[PDB]
Amino acid sequence: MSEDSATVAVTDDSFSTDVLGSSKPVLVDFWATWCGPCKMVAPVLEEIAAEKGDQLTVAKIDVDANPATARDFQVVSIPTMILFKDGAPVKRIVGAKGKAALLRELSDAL
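Numbering (the numbering used here), first residue to last: 2 to 111.
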């Protein structure tokens, strides 16, 4: 038994430099450290991260660093997922739902 290791979180300041800097396809998911529905989408991100983890790298952001986003509309949980290909936007989904939803990301992106 063993799991994958193609998941690494990036920094807000060193986000573009990494994503845009990496010609390869990179996926990022926005969420709040104090997010409510953590379990509902707990395993999802896991299976989804390993699903297309080999094809591309999956990472997550920390609302704590960028509160201006959530604070904008007084949001406590921002369960969103955005895909980045060639240092540019390719996909963008919002809504902490079943893995079936996020899965579409790989279906459309790949």
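Positions of the beta carbon are idealized from the N, C-alpha and C atoms, including for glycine.
Reference residue i, options the options, closest by Cα
i	options	result
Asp-109	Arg-93, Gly-37, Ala-97 and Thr-34	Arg-93
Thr-81	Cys-36, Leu-57 and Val-9	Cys-36
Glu-106	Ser-78, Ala-50 and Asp-73	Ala-50
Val-91	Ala-43, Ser-3, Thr-18 and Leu-28	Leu-28
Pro-38	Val-77, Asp-14 and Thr-18	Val-77
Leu-21	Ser-3, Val-11, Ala-89 and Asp-13	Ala-89
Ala-97	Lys-25, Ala-33 and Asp-14	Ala-33
Backbone secondary structure at residue i - three-state DSSP
i	result
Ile-79	coil
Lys-100	helix
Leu-111	coil
Host alpha helix (DSSP H) of residue i (start-end)
i	result
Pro-44	43-52
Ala-89	Where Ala-89 is concerned, there is no enclosing alpha helix (DSSP H), although the beta strand (DSSP E) it sits in stretches over 89-95.
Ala-71	68-73
Limits of the unbroken beta strand (DSSP E) element including residue i
i	result
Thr-58	58-61
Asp-19	Looking at the DSSP string, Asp-19 is not in any beta strand (DSSP E); the run it does join, the alpha helix (DSSP H), is 17-20.
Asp-30	27-31
Cβ neighbours of residue i in the same chain (closer than 8 Å, five flanking residues each side left out)
i	result
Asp-55	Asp-5 and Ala-7
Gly-99	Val-45
Contact belief for residue i with residue j at Cβ below 8 Å, rounded distance in angstroms
i	j	result
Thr-58	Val-9	7 Å
Cut-off 7 Å between Cβ atoms - residues of its own chain near residue i, not counting five sequence neighbours on either side
i	result
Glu-48	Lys-100
Cutoff 6 Å; reference residue i; Cβ partners in own chain excluding five residues on either side
i	result
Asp-30	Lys-61 and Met-82
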